[PDB]
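A.B. asks: here is the input, now give the coordinates:
(11 chains)
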Amino acid sequence: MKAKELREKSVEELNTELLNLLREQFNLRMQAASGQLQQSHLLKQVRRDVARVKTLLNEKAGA
Amino acid sequence: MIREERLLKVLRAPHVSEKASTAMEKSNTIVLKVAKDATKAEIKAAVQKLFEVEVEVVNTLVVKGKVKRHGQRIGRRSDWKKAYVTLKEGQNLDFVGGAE
Amino acid sequence: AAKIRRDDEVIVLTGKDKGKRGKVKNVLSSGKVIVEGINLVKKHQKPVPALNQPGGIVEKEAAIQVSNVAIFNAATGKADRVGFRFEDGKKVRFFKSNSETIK
Amino acid sequence: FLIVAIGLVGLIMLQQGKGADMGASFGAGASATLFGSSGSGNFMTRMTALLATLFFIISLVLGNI
Amino acid sequence: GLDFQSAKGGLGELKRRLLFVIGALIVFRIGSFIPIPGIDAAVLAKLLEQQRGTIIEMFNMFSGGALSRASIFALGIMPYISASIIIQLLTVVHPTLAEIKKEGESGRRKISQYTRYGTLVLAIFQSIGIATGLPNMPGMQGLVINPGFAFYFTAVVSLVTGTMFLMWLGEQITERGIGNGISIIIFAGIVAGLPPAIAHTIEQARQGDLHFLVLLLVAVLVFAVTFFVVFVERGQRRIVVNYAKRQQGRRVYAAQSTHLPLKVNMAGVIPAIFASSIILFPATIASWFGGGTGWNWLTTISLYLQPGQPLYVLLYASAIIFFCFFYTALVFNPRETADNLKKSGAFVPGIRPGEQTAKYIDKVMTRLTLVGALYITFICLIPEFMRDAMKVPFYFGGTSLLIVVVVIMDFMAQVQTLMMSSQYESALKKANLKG
Amino acid sequence: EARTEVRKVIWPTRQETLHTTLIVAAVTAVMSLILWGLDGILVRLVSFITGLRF
RNA sequence: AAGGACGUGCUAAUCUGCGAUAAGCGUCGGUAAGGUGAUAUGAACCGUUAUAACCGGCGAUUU
RNA sequence: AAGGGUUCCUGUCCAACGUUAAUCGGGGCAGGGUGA
RNA sequence: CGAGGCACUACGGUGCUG
RNA sequence: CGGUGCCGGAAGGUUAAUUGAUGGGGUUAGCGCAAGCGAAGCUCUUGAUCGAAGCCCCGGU
RNA sequence: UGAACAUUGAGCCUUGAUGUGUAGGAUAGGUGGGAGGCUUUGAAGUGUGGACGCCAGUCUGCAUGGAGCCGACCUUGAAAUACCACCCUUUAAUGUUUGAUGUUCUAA
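C.D. replies: Numbers count the residues shown, from 1 in each chain, chains lettered A, B, ... in the order given. Next comes the structure:
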C-alpha cells in the first residue's frame, strides 16, 4: 500500500514482478479452476501486487 | 528472446470436462482452455518453454458458449476457445512438479 | 454521532424487553443492532441433512432498532446525547445524558 | 468324576453356541455392517449366553479350588 | 479424560455401548489370567520361552497373553481372519460357491455361516495339534494329571469352547455398534504389557539411564510413523460441482447442489491386519507339528520367508504388499459411488452417472491401497536403518507400533466424531444458558 | 511400458499431506494414554480376580 | 472527444463501477470501528480508534 | 447455399407449453459437442 | 477392405480371424 | 385547304423596351407701392421621333 | 465588346453660285446697311457653260481681252435689286458628327 510501494525502487521492483506474474498468480489461477485448491483471499493478493508495481513505472519511473 | 513474458501468458485454465477431453486426453491428444487470445503460435511455444511437454501443431476451434436457457436475463455464457494442443513427446498429463 | 459500539450496554426502550441488557454483538447498516436474548424468534428451520442443518423451531437472533433502545451509562439508565467534544488524538465518548463523564 | 462327565457337557455348550451364530445371522455377516434399529432386546437365546460365560467361571472353581 | 467421560455418558445410546466395549477388553484378560483344566499354565509358560521357532513368538504377540498362559482364547481371533479371506478366494476357484454368494440375502448368509463352521474346524485341528505337540519331546506338561488321552481330550474341549465364545463376542459387539471384534482382540493382547514398562521409566529417570535411552529412541520413531499416517490421510480428491445453474441468485447462486467427497485417503487398516494374520496361520501350526512329532518340511518353508536374518525381510515385504493389495481388490468399492449417484435425484455431467464414473472409482481405489501398502513396508525399514549405528532398541517400532496407531486412530476417528459434537454442544450450552 | 505406467501416474498422485499434524500427534499421544490406561485397569480389576479365582 | 462494442470480481447471469495494472492501482490530506457496491450475502479474509473501507485534490492505466 | 444459432447430443424433470392424453419433445433444467 | 465365421460382454457392443 | 394546325414568303399596314423633340407646371435673383410678369439654376408631368420579333396579309400542305 | 477600308440616310454647318409672282428689258422669297466702281489683265467687247429665254437682254464661274464699273447711275411695286450682313431655301465640295448595312482584320 503506503510504505510498501515507497520502500521499493526502479531496479528492485522489476526483478520481483517476473515472479509475481508468472508462477505465484499463474500457478494459482490454473490450479483454482481445476478444483485442486482455490482460496479466495489468496486471489485478491498477488494479482493486486504485480499490478501495483506497473503503476510506479509510468507514474514517476519508480517511487 | 523469441517472445515476451506477456506472450507467455496465454493459459489460465485447462479443459478436462467429460467425453472427448477426458477420453481424448488419456488415449490421445490433449485439451486446454484458451480464453480469448486468438493465437496458435504462442500456445505451441507455451507448453514447450514453460511446463515440459513438446507438442505438434495446436488446432483451434471456437465454442459459442455453453448455453443457459434462462437466467437473470436469458443466461448465456460468453465465447471461449477449445484447442487441441496435441502431444508428440513427454506423454504426461501435466500437474507434475506441483501446480502449473 | 453515535452511542452504540461493539460492547455497549443498553437497558432497552423496546416494550416486553425493558430491563434487559447485553453486549452489542455486531452493528448492522440497516439501523439495527443485535441485543442478547430478546430478538429471539422460533424459527422453522429445515433439517435437510439432519445433523448438518438443525431441526426444530430454534430460537434465533433477529435485529431491533438503535433509536428505540437506550444506553445505560454506569449508574443511570439515562440516554439523551453523548459528548464527542474531548479529543485524545481521536474523538472519545462521554455522557452528557446525565453529565457523569465516564468514558 | 465331575470333570469327565461335565467335560462331555462342556462340548455340548459349544454346540448351542456355534449354532447361535450360524442362525444368528439375520443382521450379522462376518465383517458385515448393520446398525440394529427397533429390533434386538436380549435374545431368547441369551439364556445360552449366560449358560456359557457361567460355564467357564464354573470350570474355574471346579478345576482348581 | 474426565470431559470425554461426561459427554458419552450424557447421550444414553453411547453410554451403554461403551459399557460393553471397555468390559470386553477386561473379560479378554479375565480368562487369560485364570488357568483352565487339561493343561496347566506354568509348564506352557517356560516352554514358549525356550521356543521351537521364531514363528511361534510372532503368533503369540498378535493373539496376546491368552496363548502365553494356558487359558482360553489362545488360538484367538486369528483363525476367523484366516477363514473369511480363504472363503473369499475359494469363491472364485469354485463354480458352485460363486453362485451361493451372488444369490440374494440367504445365499450371502450361508456363505457367512459356512465360514463360522469353517472357523471351528480349524480350531479343533489346532487344539489337537497344540495339545499333542507339546509333551512328546520338546517339553512336558500336566500337573492336573500327567499326559494321556484324558489330558489332550479335556485340553481340546476347553479351547474349542473358548474360540466359540470369542467369535460370538466379536460378532455381538459389531452388531451393537462401537469397536470391531477383529481390532478388540489384537489390541487387548499386545498393549497389556506396555503400561508397567512406561510407568517404570517415568519414575526412574528423565535425563537418561540405558533402559530409558532405548525406550527414548523408540519414542522418536513412534512419532515419525504417526506423522506419516496423518500425512497420507490429508489430501483433496473430493470433487464439488453443482448440477446445472437453475437461474442465479440466492446465496451466490441457487443450483441443484450435489457434493461428492468420499474416501478419507487412508488404506491398510483392515488389509494389513488380514495380510499378517494369513501368513503366520499355516506357519505357526507347522512349527508346532515339527517341534513336536509331525512335519519337519512344512515348518522349513515357514522359516525360509518370515524373520530370522535381515535377508528374509524382502520376502515378507513382497507378501505384505501383495496380501493387502489382494484383500482390498476383494472388498467391494471400485464402483460403489456410481450406483449411488443414480438413486438420488442428484445428476450432473462432467461426471455423469454410469460407466465413466465407475471407471474413475476403479482408478482411485487401485492407486490408493497400493500407496498405503508401500508406506507399510517403508515403515519397517526405518527402525532397521537408524538402529544400524545407535544401539538396538526393541520396544514399539515396526509391527508393534502400527497395530497401536491403527486401533486408536480408527476407534477415535469414528468415536471422536460423536464425542466432539458432545463437547461442542456442552460448551455452547453453558455459554448460552448457565454453565 | 506396463509397470512404468502405474509408476508415472502414481508419481503425480503422491501428494496427500498437510502441516499441523503435530495436533494429530498430540492426540496420538492421548490415544496412547487410553491404551496405557485401559491395560492399567486390567492389572487393577483382574488382580482382584487373581485373589478370588486364582 | 462525444458515444459505443467487448470484457473485467472470489465465482455467476444481469445491473453498478472500472479497463488486459480492468467492482480497481499510486500519491497527498479528510474520515473511520467496523467492513470487502446489488439480485444473494455466501465463501474466504482484513481492520478495530495508530495499521479495513469510504470521501476529496493530483497522478497512473485507460483493449 | 440462404437463414436460424445450439435449435444438435447427454443426464434429467412435467406446473405451464405441443389442438388432446402425455412417462415423451426442438417445453423446464443445465452441461457436453463443431479440431485442416 | 472383405461374404462369413471364432470369444466375451452390461446386451449398448467391442476384440479375434478371413 | 373555307375553318383549324403546321410549313413557307414579305410587297405593304399595325407595332415594345430604348433614344426624349415639344407643350404644360413649381420654385426665385430681379422688376413691380398692389396685382402680375418673372432671368439663371434645380425640379415635376406630358410625350414628337426611332423600335424588332409577333400580329395582319399572300401562298402551299 | 474592338480597328481600318467601302457604301449611304440623317445632325451642326464651313465655303462658293441663283432665290425668277403681276408689272419689272434681267437674277425682288425678306429684312437692314447703301449713289455707289473710276482700278488698268478686267468687268465689258468677241465666244462659252449655267440663270431667265416671259419684252430688245445681260447676268454670273472662265478663255481671248491692259479697251476705266453698273442693279440698265432705269423703274414698277407692298418691297428694288449692285455689293455687305442674313431670314431661310435650291445646290455642291471640305471639316465633320451619328445611325445603318457592306468589306477586311485580330487584339477581346
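A.B. asks: what's the neighbour count on residue B:56?
C.D. replies: The burial count assigned to residue B:56 is 13, neighbours taken as other Cβ atoms under 10 Å in any protein chain shown. For the C-beta atoms, the positions are set from N, CA and C on the backbone; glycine is no exception.
A.B. asks: please name the nearest non-neighbouring residue to it.
C.D. replies: Sequence neighbours aside, residue B:86 is the residue nearest to residue B:56 in space, at 4.6 Å (criterion: Cβ to Cβ, 6 or more residues apart in numbering or on different chains).
A.B. asks: neighbours of that neighbour, how many?
C.D. replies: Neighbours of residue B:86 (other Cβ under 10 Å): 16.
A.B. asks: quick one: residue F:23 is in a helix?
C.D. replies: Yes. Counting by DSSP: H, G, I helix; E, B strand; the rest coil, residue F:23 is part of a helix.
A.B. asks: got the contact list for the residue in the stretch 201-350 of chain E that chain D sits nearest to?
C.D. replies: In the stretch 201-350 of chain E, no residue comes nearer to chain D than residue E:270, which is 7.7 Å away by Cβ to the nearest Cβ. By Cβ atoms under 8 Å, 6 or more residues apart in numbering or on different chains, the residues touching residue E:270 are D:31, E:182, E:327, E:331.
A.B. asks: among the residues you listed, which lie within helices?
C.D. replies: The helices, defined by DSSP state H, take in E:182, E:327 from those.
A.B. asks: neighbour count for the contacts of residue E:270 - can I get that in TSV?
C.D. replies: Below are those laid out as TSV (neighbours: other Cβ atoms under 10 Å in any protein chain shown):
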residue	neighbour count
D:31	16
E:182	22
E:327	22
E:331	14
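A.B. asks: return the member of the contacts of residue E:270 nearest to residue A:62.
C.D. replies: The nearest member of the contacts of residue E:270 to residue A:62, counting by Cβ to Cβ, is residue E:331 at 64.1 Å.
A.B. asks: now do the SS call for residue E:222.
C.D. replies: Using three-state DSSP, the structure places residue E:222 in helix.
A.B. asks: by contact count, what packs against the helix or strand hosting residue E:61?
C.D. replies: Element membership for residue E:61, per DSSP states H and E: helix E:54-63. If contacts are counted by 3 or more Cβ pairs under 8 Å, 6 or more residues apart in numbering or on different chains; DSSP states H and E, helix E:54-63 sits against helix E:41-50, helix E:78-93, helix E:181-191, helix E:270-291, helix E:297-305, helix E:399-432.
A.B. asks: most packed of these?
C.D. replies: For the helices and strands packed on helix E:54-63, the largest average neighbour count (mean count of other Cβ atoms under 10 Å in any protein chain shown) is found in helix E:181-191, namely a mean of 23.
A.B. asks: what helices or strands is that one leaning on?
C.D. replies: Using 3+ Cβ pairs under 8 Å, 6+ apart, helix E:181-191 sits against helix E:12-33, helix E:54-63, helix E:149-176, helix E:270-291, helix E:399-432, helix F:22-52.
A.B. asks: ok, 6 Å please
C.D. replies: Using 3 or more Cβ pairs under 6 Å, 6 or more residues apart in numbering or on different chains; DSSP states H and E as the contact criterion, the elements in contact with helix E:181-191 are helix E:12-33, helix E:54-63, helix E:399-432.
A.B. asks: nearest to RNA strand H, out of those helices?
C.D. replies: helix E:399-432 (32.1 Å; Cβ to the nearest atom of the strand).
A.B. asks: next one: stretch D:15-30 to chain centre, how far?
C.D. replies: Counting by Cα atoms, centre = their mean, to the nearest Å, stretch D:15-30 is centred 10 Å from the centre of its parent chain.
A.B. asks: same deal with stretch B:55-66?
C.D. replies: Distance, stretch centre to chain centre, for stretch B:55-66: 8 Å (Cα atoms, centre = their mean).
A.B. asks: and that stretch, what's buried?
C.D. replies: Neighbour counts over stretch B:55-66 (16 or more other Cβ atoms under 10 Å in any protein chain shown) mark B:55, B:58 as buried.
A.B. asks: only alpha carbons, please: show stretch E:175-186 as PDB.
C.D. replies: In PDB, the C-alpha atoms belonging to stretch E:175-186 read as follows (Å, rounded to 0.1, in the frame of the first residue of the first chain):
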ATOM      1  CA  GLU E 175     -23.900 -55.600  15.800                       C
ATOM      2  CA  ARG E 176     -24.500 -53.400  18.800                       C
ATOM      3  CA  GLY E 177     -22.000 -50.700  17.500                       C
ATOM      4  CA  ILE E 178     -18.600 -49.400  18.500                       C
ATOM      5  CA  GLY E 179     -15.400 -51.500  18.100                       C
ATOM      6  CA  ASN E 180     -14.800 -54.500  15.800                       C
ATOM      7  CA  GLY E 181     -14.100 -58.000  17.200                       C
ATOM      8  CA  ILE E 182     -11.000 -58.100  14.900                       C
ATOM      9  CA  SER E 183      -9.500 -54.900  16.400                       C
ATOM     10  CA  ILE E 184     -10.700 -55.700  20.000                       C
ATOM     11  CA  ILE E 185      -8.700 -59.000  20.400                       C
ATOM     12  CA  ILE E 186      -5.400 -57.900  19.000                       C
END
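A.B. asks: interface residues of chain F facing chain D?
C.D. replies: Contacts of chain F with chain D, taken as Cβ under 6 Å from any Cβ of the partner chain, map to residue F:53.
A.B. asks: in chain F, which residue sits nearest chain B?
C.D. replies: Closest point on chain F to chain B, by Cβ to the nearest Cβ, is residue F:12, at 5.0 Å.
A.B. asks: that residue - that's part of a helix, no?
C.D. replies: Yes. The assignment for residue F:12 by three-state DSSP puts it in a helix.
A.B. asks: neighbours around it, how many?
C.D. replies: Neighbours of residue F:12 (other Cβ under 10 Å): 14.
A.B. asks: contact partners for it?
C.D. replies: By Cβ atoms under 6 Å, 6 or more residues apart in numbering or on different chains, the residues touching residue F:12 are B:95-96.
A.B. asks: with the one 5 residues further on instead?
C.D. replies: For residue F:17, the contact set (Cβ under 6 Å, 6+ apart) comprises residue E:231.
A.B. asks: ok, residue B:33 next?
C.D. replies: Residues in contact with residue B:33, defined by Cβ under 6 Å, 6+ apart, are B:13, B:15.
A.B. asks: just say helix, strand or coil for it.
C.D. replies: strand.
A.B. asks: distance check, it against residue A:33.
C.D. replies: Using Cβ to Cβ, to the nearest Å, we find residue B:33 at a distance of 8 Å from residue A:33.
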